[PDB]
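Positions of Cβ are generated from backbone atoms using ideal geometry, with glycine treated the same way; all protein chains shown enter the neighbour counts. Read-outs: derived from the displayed coordinates by stated rules, not from any lab.
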Amino acid sequence: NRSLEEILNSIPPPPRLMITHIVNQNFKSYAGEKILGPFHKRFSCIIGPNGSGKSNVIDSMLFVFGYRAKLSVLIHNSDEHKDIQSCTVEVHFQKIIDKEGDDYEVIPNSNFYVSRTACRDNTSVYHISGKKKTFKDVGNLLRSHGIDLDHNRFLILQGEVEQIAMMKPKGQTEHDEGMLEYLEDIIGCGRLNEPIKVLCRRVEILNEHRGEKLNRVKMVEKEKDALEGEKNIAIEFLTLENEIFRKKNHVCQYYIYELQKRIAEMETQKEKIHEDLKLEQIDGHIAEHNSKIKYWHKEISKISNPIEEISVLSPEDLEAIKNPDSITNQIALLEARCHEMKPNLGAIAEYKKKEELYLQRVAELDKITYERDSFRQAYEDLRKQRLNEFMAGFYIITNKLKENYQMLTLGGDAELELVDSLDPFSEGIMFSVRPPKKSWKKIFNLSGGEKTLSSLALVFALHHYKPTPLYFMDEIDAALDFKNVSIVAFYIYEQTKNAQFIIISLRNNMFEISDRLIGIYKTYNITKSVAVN
């Protein structure tokens with residue numbers, strides 16, 4: 001359970017190649033060893049009647065590339081040849097320079113030689129140029145060439161296009177994926193768009209309770225504020241009673257100075273008596289010593305300070321018996337305060353503990369909250385950036401789709417209608433198709449051929465957006481007018497010259513645009529092929 005910051009730091013970031021020849025030994029449709037024909041960089045076709053084994057080959061290339069659908073069906077399956085111990089199929093790849101003229105000047109270096117030996121013991125082993133490997137290494141070198149194998153887009157079968165004609169706009173379950181999520185994978189966002197959505201979701205819920213933590217560190221705060229206010233009143237009472245107590249020490253010091261000033265005056269008078277009668281001076285000395293005995297209270301032990309410290313006006317302000325208000329009001333104030341003291345440092349303790357240290361906890365949860373808001377808006381920025389890239393590529397491919405549909409249908413427009421313009425990730429994207437010289441209507445009331453024509457228009461749109469060098473089609477000519485067949489054949493011939501198109505059909509135009517015509521026939525259940533032009 002890494003933090004989202006560690007997660008957001010750890011974010012994983014988001015001439016041509018031709019097939020020279022294919023040789024197949026103990027192949028499912030080929031008896032013994034058969035060499036497939038040469039394939040031009042421009043065009044090639046495998047034309048013939050249905051049931052000659054073309055479907056067997058196009059499923060075989062899925063089998064040999066790791067796409068799995070008793071490994072004896074992988075070997076030949078017929079009457080004359082039936083399930084020998086192993087089959088070996090080899091395909092040759094070479095580069096070729098992209099020239100506008102009709103050239104077959106390949107690069108003589110063999111780029112790839114993928115040989116799969118599939119035996120009857122449920123074991124299939126892959127070799128690249130005879131080196132015992134997997135299809136993963138061939139796939140990595142194809143990704144170096146810009147070709148992605150496990151993200152399959154280059155192969156089109158029929159079951160895909162009659163899936164396309166009745167797609168839900170979104171994949172409502174884990175086993176369904178709409179064109180929205182598949183395009184999100186295509187555009188390069190689905191690696192980081194949806195996982196960051198689910199990741200921020202849970203973290204924000206964890207963050208919520210952190211905001212709740214910030215709440216219940218001080219859920220009410222009024223009880224502690226009232227308690228520290230009362231104890232602050234007690235502390236201010238302590239300081240004020242200390243000041244009144246200092247005044248009381250001053251008043252007791254006024255009593256000691258009244259006694260001592262009286263002592264000094266009577267020393268002066270008894271010294272006058274001694275100057276002038278002896279026993280009268282002795283009586284003055286006795287009363288002076290009695291007052292010095294009574295002077296013990298000069299060490300005022302109340303706070304010992306005003307104990308020995310005198311005020312300014314010694315003959316007038318330094319007597320306590322002449323000011324009974326100073327005697328009475330100060331001790332009355334002291335008694336009222338000491339009755340009303342209840343002192344505690346809980347004002348300071350609660351202020352430094354719950355108004356500062358729990359405020360420090362609130363500040364730490366404020367920092368966690370700033371992390372939470374930074375995480376949620378870094379999410380909002382990343383999700384909106386991936387969404388903006390997704391709808392930007394979506395606008396690019398819909399412009400390419402609409403221009404392809406306009407030049408293929410020679411009129412009319414098929415356009416994808418969003419559920420909502422802001423974010424079509426809610427429940428999908430609908431599709432509305434207009435046939436030429438027809439009213440604008442839903443796709444559901446239209447022909448299946450119109451749906452397939454819009455699907456091939458989108459396929460042309462994604463190929464124009466992202467150049468995939470290989471494309472495979474099968475039996476598009478059925479239930480379709482020859483006009484659109486020749487139109488898309490002319491599109492494939494004219495707009496694409498480097499891109500190689502392989503189509504399985506019987507109508508003339510799809511191989512009249514073809515540079516290679518691989519005429520394949522099965523005579524006495526022995527399959528032989530010729531490569532005519």
Flagged in segment 152-209 as under 27 Å from the mean Cα position of the chain (by Cα), of a type in the set (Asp, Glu) and part of a helix (DSSP H, G or I), in numbering order, are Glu181, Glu184, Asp185, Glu194, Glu204, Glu208
Only one of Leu422, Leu416, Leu410 is surrounded by 15 or more Cβ atoms within 10 Å (Cβ to Cβ) and of a type in the set (A, V, I, L, M, F, W, C), namely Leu416
Fill in: Filter result for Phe482 (surrounded by fewer than 15 Cβ atoms within 10 Å (Cβ to Cβ), hydrophobic (A, V, I, L, M, F, W, C) and more than 42 Å from the chain's Cα centre (by Cα))
yes
Pairing a residue in segment 500-522 that is under 18 Å from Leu456 (Cα atoms) with any residue that is of a type in the set (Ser, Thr, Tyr) and surrounded by fewer than 22 Cβ atoms within 10 Å (Cβ to Cβ), where Cβ atoms lie under 7 Å and the two sit 6 or more apart in sequence or on different chains, gives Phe501/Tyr471; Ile502/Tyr471; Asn509/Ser486; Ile513/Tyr493
Within segment 49-101, of all residues that are among the small types (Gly, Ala, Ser) and within 20 Å of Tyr126 (Cβ to Cβ), the one surrounded by the most Cβ atoms within 10 Å (Cβ to Cβ) is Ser60
Just one listed residue, out of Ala336, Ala287, is outside any loop (DSSP other than H, G, I, E, B) and closer than 30 Å to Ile235 by Cβ, and it is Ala336
Exercise. Could you tell me whether any residue of segment 81-94 is of a type in the set (A, V, I, L, M), farther than 17 Å from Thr527 by Cα, in contact with a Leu (Cβ under 6 Å, 6 or more places away or on another chain) and in a strand (DSSP E or B)?
Key: no
Flagged in segment 469-491 as closer than 23 Å to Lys99 by Cα and out of contact with any helix residue (DSSP H, G or I) (no Cβ under 8 Å at 6 or more places or on another chain), in numbering order, are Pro469, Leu470
Practice problem: Looking only at segment 214-231, decide whether some residue is farther than 30 Å from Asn1 by Cα, surrounded by 13 or more Cβ atoms within 10 Å (Cβ to Cβ) and in contact with a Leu (Cβ under 8 Å, 6 or more places away or on another chain). | Solution: yes
Open item on the list: Based on this model, can you work out whether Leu462 counts as of a type outside the set (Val, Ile, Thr), in contact with a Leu (Cβ under 6 Å, 6 or more places away or on another chain), surrounded by 16 or more Cβ atoms within 10 Å (Cβ to Cβ) and more than 29 Å from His76 (Cβ to Cβ)?
Closed with: no
When (1) assigned to a helix (DSSP H, G or I); (2) surrounded by fewer than 19 Cβ atoms within 10 Å (Cβ to Cβ) are applied to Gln253, the one that fails is (2)
- Return yes or no: is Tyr379 of a type in the set (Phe, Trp, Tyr), under 30 Å from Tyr351 (Cβ atoms) and surrounded by fewer than 20 Cβ atoms within 10 Å (Cβ to Cβ)? no
Selection from segment 413-449 of residues of a type in the set (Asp, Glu) and closer than 20 Å to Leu480 by Cα yields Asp413
Restricting segment 1-48 to residues that are of a type in the set (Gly, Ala, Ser) and either closer than 30 Å to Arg191 by Cα or in contact with a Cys (Cβ under 8 Å, 6 or more places away or on another chain) (or both), the one surrounded by the most Cβ atoms within 10 Å (Cβ to Cβ) turns out to be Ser3
